[PDB]
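# A look at the structure
As a plain string of letters, each chain reads:
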Number of protein chains: 2
Amino acid sequence: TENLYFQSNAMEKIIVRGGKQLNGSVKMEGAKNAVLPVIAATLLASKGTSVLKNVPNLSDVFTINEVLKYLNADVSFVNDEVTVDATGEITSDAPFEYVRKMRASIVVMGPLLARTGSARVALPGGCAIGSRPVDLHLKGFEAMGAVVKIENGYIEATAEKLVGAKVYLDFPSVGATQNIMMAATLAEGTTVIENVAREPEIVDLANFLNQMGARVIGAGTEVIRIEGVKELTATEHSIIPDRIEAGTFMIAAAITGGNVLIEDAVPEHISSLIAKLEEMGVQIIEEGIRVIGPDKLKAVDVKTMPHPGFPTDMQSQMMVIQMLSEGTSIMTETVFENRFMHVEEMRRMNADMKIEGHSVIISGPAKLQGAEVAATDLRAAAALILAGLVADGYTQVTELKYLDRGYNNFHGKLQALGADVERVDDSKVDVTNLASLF
Amino acid sequence: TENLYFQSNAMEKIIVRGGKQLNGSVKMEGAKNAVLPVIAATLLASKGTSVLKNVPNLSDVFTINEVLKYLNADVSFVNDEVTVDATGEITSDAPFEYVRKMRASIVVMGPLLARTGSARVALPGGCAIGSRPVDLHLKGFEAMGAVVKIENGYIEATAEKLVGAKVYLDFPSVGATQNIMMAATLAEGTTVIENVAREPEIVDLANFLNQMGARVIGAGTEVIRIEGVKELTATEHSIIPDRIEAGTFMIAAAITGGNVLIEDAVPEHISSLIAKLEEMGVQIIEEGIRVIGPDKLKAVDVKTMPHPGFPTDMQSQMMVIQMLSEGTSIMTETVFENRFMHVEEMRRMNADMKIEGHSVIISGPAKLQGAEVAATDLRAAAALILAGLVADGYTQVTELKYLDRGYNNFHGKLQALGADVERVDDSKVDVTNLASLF
Ligand SMILES: [Cl-]
Ligand SMILES: [Cl-]
């Protein structure tokens with residue numbers, strides 16, 4: 001009955017034939033950015049069995065589940081439901097190489113530090129952006145009385161007496177906010193975390209800690225206060241819908257002059273995006289969000305900001321609609337200033353863009369052309385596929401491993417909206433006759 | 001007259017009382033790692049009836065036999081002999097759920113692709129290590145003119161004209177080497193497979209393909225060349241002895257200061273292990289391998305490597321002798337970097353070890369203590385039982401399903417060597433009086 005994870009074949013391709021208008025309905029699954037921390041949080045429950053629902057079928061979920069089992073928790077994953085029994089004696093080490101491959105593994109430190117007093121995790125490695133330093137995580141645990149360190153590819157934290165403390169975050173880190181908040185739940189005393197991430201995933205996690213008996217207030221604001229308690233008890237919780245996936249289909253509908261109904265979407269979680277699309281001429285209706293694309297798109301400048309500002313996860317995709325707008329526009333990053341590796345791939349599709357500082361000058365309207373493009377990361381993978389919907393000809397997108405890390409049956413959903421999209425093995429494709437497919 | 005497979009009861013236990021010196025003789029059965037591919041290879045024989053001897057009584061053998069019968073071959077298994085009549089029209093589908101449970105099922109793709117031109121097998125699922133991706137298998141078949149894919153939990157391959165081709169394996173995969181080599185036997189033209197596995201099981205399989213009329217040279221070296229032929233004819237073949245099982249009893253004799261004669265063992269197949277044990281002070285004699293354990297074990301570092309290097313299948317067991325050595329040592333994996341799930345169980349027995357990267361720092365000599373341990377996999381199951389032989393007190397090993405997947409009457413053989421070991425049902429055991437047993 002347990003869910004099985006199936007590997008995909010290397011070098012598979014998503015071939016898109018542009019020119020089709022999207023029309024229909026699309027349902028969203030749970031957010032990956034919300035589920036990992038929620039699963040990790042189950043380690044805090046010394047009583048009862050946790051029941052998580054609306055859990056997406058993604059690789060990181062299976063991986064995190066394996067980590068928890070190794071931490072001595074009984075985990076089960078059937079359909080979209082995960083069950084966690086963490087009433088036993090929980091261990092504190094997650095050292096395998098597979099732990100490094102999953103950059104989000106660090107999320108178990110807070111819960112372990114609070115539940116067991118120690119945590120050891122293998123670091124993922126890396127230097128540039130796409131991710132940021134983990135210093136804030138340690139700064140927070142240190143303030144709470146822990147002895148910390150990064151040694152031999154390992155990040156560790158040990159606390160004889162985890163206590164409450166005032167912590168100021170240099171920047172609103174989602175990861176740091178999550179770890180510090182989770183660690184605070186069982187610390188002796190009160191913790192005040194300033195300049196925290198305000199993303200919806202943080203609020204959902206705060207709600208979950210509260211349902212388990214924690215005392216966390218302020219989630220969603222710039223300040224979170226946690227009054228530590230002796231113990232937390234298991235409960236049931238549903239993972240919030242993926243607001244980013246919602247944004248991806250909104251843009252797809254907007255650029256194809258479509259009419260799509262995005263089901264199970266919370267407009268409040270993507271106000272910035274909505275407001276920005278409306279400035280371009282797109283109609284957004286809260287029927288449950290319906291998106292109707294216009295004939296022409298008005299050029300508009302966009303600047304990523306910590307939530308509730310414009311989300312960095314919609315950046316690469318937003319650039320697609322910017323390229324099709326009537327005039328020059330600019331996209332700027334203030335969250336991840338180096339997240340523009342997809343620009344060179346969009347050029348192959350005839351895009352006209354220039355990287356300058358931490359901004360990209362986009363010269364629209366561009367007459368996109370089909371080409372062989374390689375995804376550079378999760379959101380970029382989807383961005384290229386969106387470009388394919390509007391490009392003249394056939395677009396072949398490779399490196400699907402990135403797409404699969406956050407989008408389930410992405411091609412199938414597009415097909416259901418009337419798009420000419422197919423996902424095939426490399427051996428099936430004969431470039432001289434892509435028309436054969438479809 | 002047909003052999004029957006009997007289920008064992010869930011939660012059975014192997015209780016070991018350490019302190020006994022092993023002395024005597026032990027006979028080895030056929031290797032599981034050798035028999036599955038050999039059985040699958042019988043599908044290539046369009047003429048005659050195959051007679052396989054020295055076939056071990058293991059679950060996977062019964063399972064593979066059921067698969068072949070479904071592929072329309074007549075199979076018979078009596079005593080240690082399997083007979084296969086594959087002269088009929090052979091089918092190409094192996095889709096049942098029981099096919100997924102056996103991770104080795106993929107071995108029938110090569111033979112089917114060569115014999116029928118197509119193959120469809122249900123994938124086992126899984127993400128981390130213990131097993132590796134099956135991409136190499138498909139890369140090879142693709143190079144040979146096949147259209148392949150992994151879709152809906154199924155791996156498939158179809159070839160209008162299977163032809164010879166040059167194939168380079170990213171890593172020396174035993175599974176990939178086997179499938180590609182078998183597929184090449186009936187392909188039109190010559191196949192050159194580079195960077196192949198050199199394990200003894202590969203050589204034995206190559207010998208078998210040759211006895212059937214194939215033209216395969218280079219097995220055992222880093223390059224295998226196969227000149228495809230029109231048809232293969234049935235023959236007789238004996239499965240080579242299980243070199244790993246031989247290693248298990250060698251270590252058992254070595255750690256108990258014993259004198260055991262391992263009958264029907266090929267020293268050439270385990271040179272690395274032998275050479276490594278000798279560095280620790282163990283005497284190994286080619287009488288047919290006799291092992292005499294010393295009073296003290298000298299500490300030594302070990303690094304797993306593809307054959308002829310130190311075998312990964314002896315890794316967990318080798319760690320036991322490393323723990324008892326006079327000083328610190330290190331065990332490193334280069335084949336399966338995550339194969340250290342047994343470390344937490346050895347700790348319960350008072351072992352002192354640290355997982356770092358893909359290495360484990362072992363602080364010996366450890367004064368092992370009896371405890372309740374759960375096997376995590378085949379080789380780990382045996383490793384824990386070996387630790388039990390030296391531990392002070394009683395060691396209870398559960399999850400015997402893993403042990404049974406590769407060791408036949410393991411407890412009986414140890415008893416015959418003078419060990420205080422018993423395999424009982426959970427209902428027979430009264431923890432407050434284990435002495436009662438024995
Ligand atoms: Cl990514
Ligand atoms: Cl196993």
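What counts, and where the lines are drawn
- Residues numbered from 1 in each chain as written, not as in the entry; some residues may be left out.
- Chains lettered and ligands numbered in written order.
- Heavy atoms only, no water.
- UniProt positions renumbered as here; feature names shortened; annotations may be inferred.
- Helix = DSSP H or I, 4+ residues; strand = E, 2+ residues; numbered from the N terminus.
- Rg over C-alpha atoms; globule rule 2.2 N^0.38 Å.
- Buried < 20%, exposed > 50% of the residue type's maximum accessible area, 1.4 Å probe, protein only.
- Areas by Shrake-Rupley, 256 points an atom, 1.4 Å probe, with all protein chains shown as cover.
- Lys, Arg positive; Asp, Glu negative; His and termini not counted.
- Charge placed at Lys NZ, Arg CZ, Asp CG, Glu CD.
- Pairing = 2+ DSSP bridges.
- Least-squares fit on C-alpha atoms.
- Contact = heavy atoms within 4.5 Å.
- Axes fitted to C-alpha atoms, helices over the stretch in contact; angles between N-to-C directions.
- Core = buried A, V, L, I, M, F, W, Y, C linked by side-chain atoms within 4.5 Å.
- Domains from an automatic or database assignment.
- Buried area = accessible area lost by both parts, 1.4 Å probe.
- Salt bridge = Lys/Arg side-chain N within 4 Å of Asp/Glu carboxyl O.
- Polar contact = N/O pair within 3.5 Å; in protein donor to acceptor, adjacent residues only side chain to side chain.
- Nonpolar A, V, L, I, M, F, W, Y, C, P; charged D, E, K, R; others polar.
- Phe/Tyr/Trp six-rings, centres within 6.5 Å; stacked < 30°, edge-to-face > 60°.
- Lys NZ or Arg CZ within 6 Å of the ring centre and 35° of its normal.

By the naming in the PDB entry, chain A is UDP-N-acetylglucosamine 1-carboxyvinyltransferase 1, taken from Listeria monocytogenes. Within the Protein Data Bank, this record goes by the title "2.23 Angstrom resolution crystal structure of UDP-N-acetylglucosamine 1-carboxyvinyltransferase (murA) from Listeria monocytogenes EGD-e". If you open the UniProt record of chain A and go to Subcellular location, you find "Cytoplasm". Looking at chain A in UniProt, the text filed under Sequence similarities is "Belongs to the EPSP synthase family. MurA subfamily."

Helix and strand content of chain A: 14 helices and 26 strands. On C-alpha atoms alone, chain A measures out to a radius of gyration of 22 Å, which is about the 22 Å that the 2.2 N^0.38 rule sets for 438 residues. Considered along the principal axes of its C-alpha atoms, chain A spans approximately 65 × 45 × 45 Å. Across the 438 residues in chain A, those meeting the buried criterion constitute 56%. Summed over its atoms, the accessible surface of chain A is roughly 17000 Å², and 46% of this surface lies on carbon and sulfur atoms. Of the charged side chains in chain A, 39 are positive and 56 negative; the average position of the first set lies 2 Å away from that of the second.

Residues and elements named next belong to chain A. In this model, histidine 307 is joined to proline 308 through a cis peptide bond whose omega is 0 degrees. At the junction of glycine 364 and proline 365, the peptide bond is cis and its omega measures out at 0 degrees in the coordinates. Its identity is not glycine, yet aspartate 264 carries a phi of approximately 60 degrees, on the positive side. Among the secondary structure elements, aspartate 264 is positioned in the loop between β17 (259-263) and α9 (271-279).

Let us look at the pairing of strand β6 (residues 81-85) of chain A. All names here are of chain A. Burial along β6 is one-sided: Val82 and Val84 are buried, while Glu81, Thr83 and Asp85, pointing the other way, are not. Taken together, the 3 bridges between strand β4 (residues 50-53) and β6 define a ladder with antiparallel strand orientation. Opposite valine 51, over in β6, you have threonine 83 as the bridge partner. As judged from the 5 bridges shared by strand β5 (residues 74-78) and β6, these two strands associate in the antiparallel manner. Residue pairing across strands places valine 75 opposite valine 84, the latter belonging to β6. As consecutive antiparallel partners, β5 and β6 are separated by 2 residues, and within that stretch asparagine 79 has a phi angle of approximately 55 degrees, a positive value.

Superposing chain B onto chain A takes a rotation of 180 degrees combined with a translation of 26 Å along the rotation axis, leaving an RMSD of 0.0 Å. The two copies present different faces, since only 3% of the interface residues in chain B are matched by interface residues at the equivalent positions in chain A.

It is worth spelling out the sheet that holds strand β26 (residues 420-424) of chain B at this point. Working definition: the strands of a sheet are paired by backbone hydrogen bonds and lie parallel or antiparallel to each other. Residues and elements named next belong to chain B. Pairing in this open sheet of 4 strands is mixed, and the strands run β24-β25-β1-β26 from one edge to the other. Each edge of the sheet is formed by a strand with only one pairing partner; in this case those strands are β24 (372-374) and β26. Looking at each pair of strands side by side, their axes are set apart by 20 degrees on average, direction ignored.

What follows deals with the nonpolar core. Most often, soluble globular proteins have nonpolar side chains that are buried together. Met181(A), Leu209(A), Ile262(B), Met318(B) and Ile321(B) are the most contacted members of the largest nonpolar core, which totals 154 residues. The next biggest cluster of nonpolar side chains, apart from the first, holds 82 residues, and it includes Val38(B), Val61(B), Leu138(B) and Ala183(B).

So, on to the domain arrangement of chain A. All names here are of chain A. Split into domains, chain A comes out as domain 1 (1-29 + 241-438) and domain 2 (30-240). Contact between domain 1 and domain 2 buries roughly 2100 Å² in total, counting both sides, with carbon and sulfur atoms accounting for 57%. Across the domain 1-domain 2 interface, the total number found is 1 salt bridge. The shortest N-O distance in the salt bridge between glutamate 201 and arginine 243 comes to 3.1 Å. Summed over the shared surface of domain 1 and domain 2, the number is 9 residue pairs in polar contact. A class-by-class count of the residues in the side of domain 1 that touches domain 2 yields 10 nonpolar, 7 polar and 9 charged.

Because each turn of an α-helix spans 3.6 residues, side chains separated by three or four positions in sequence point in the same direction. Residue and element names in this part refer to chain A. For helix α5 (residues 135-143), the set of buried residues is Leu136, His137, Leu138, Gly140 and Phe141. Buried residues along α5 sit against α4 (109-116), β9 (147-151), β10 (154-158), β11 (166-168) and α6 (174-184). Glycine 145, located one to two residues past α5, shows a positive phi value of around 90 degrees.

Okay, the sheet that holds strand β8 (residues 118-122) of chain B next. All names here are of chain B. One open sheet holds the 4 strands; their spatial order is β7-β8-β10-β9, and the pairing between them is mixed. Edge strands, defined here as strands with exactly one partner in the open sheet, are β7 (93-94) and β9 (147-151). Both β9 and strand β10 (residues 154-158) contribute to a ladder of 5 bridges, which runs antiparallel. Note on β10: the bridge partner recorded for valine 147 is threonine 158. Helix-sheet contacts for helix α4 (residues 109-116) involve β8 and β10, and the interaxial angle to β8 is about 155 degrees. Packing against the sheet, helix α5 (residues 135-143) makes contact with β9 and β10, and its axis sits at approximately 155 degrees to β9.

This paragraph deals with the packing of aromatic side chains. Under the counting rule described, the total for this entry stands at 14 aromatic pairs over all chains. A connected cluster of aromatic rings, assembled from ring pairs, spans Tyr5(A), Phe62(A) and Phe77(A). The ring of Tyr154(B) has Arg120(B) lying over it, and the distance from NZ or CZ to the ring centre is 3.9 Å. Over the ring of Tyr402(B) we find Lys401(B), and its NZ or CZ is 5.4 Å from the ring centre.

This part takes up the interface of chain B and chain A. The interface of chain B with chain A comprises 29 residues on the first partner and 24 residues on the second. Ranking the residues of chain B by area buried against chain A places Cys127(B), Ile150(B) and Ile355(B) at the top, with a combined share of 22%. In this assembly, chain B and chain A are joined by 0 salt bridges. For the interface between chain B and chain A, the tally reads 9 residue pairs in polar contact. Residue assignment for the side of chain B that touches chain A shows that the elements contributing at least two residues are α5, β9, α11 (343-348) and β22 (353-356) of chain B. Across the side of chain B that touches chain A, the residue classes tally to 14 nonpolar, 6 polar and 9 charged.

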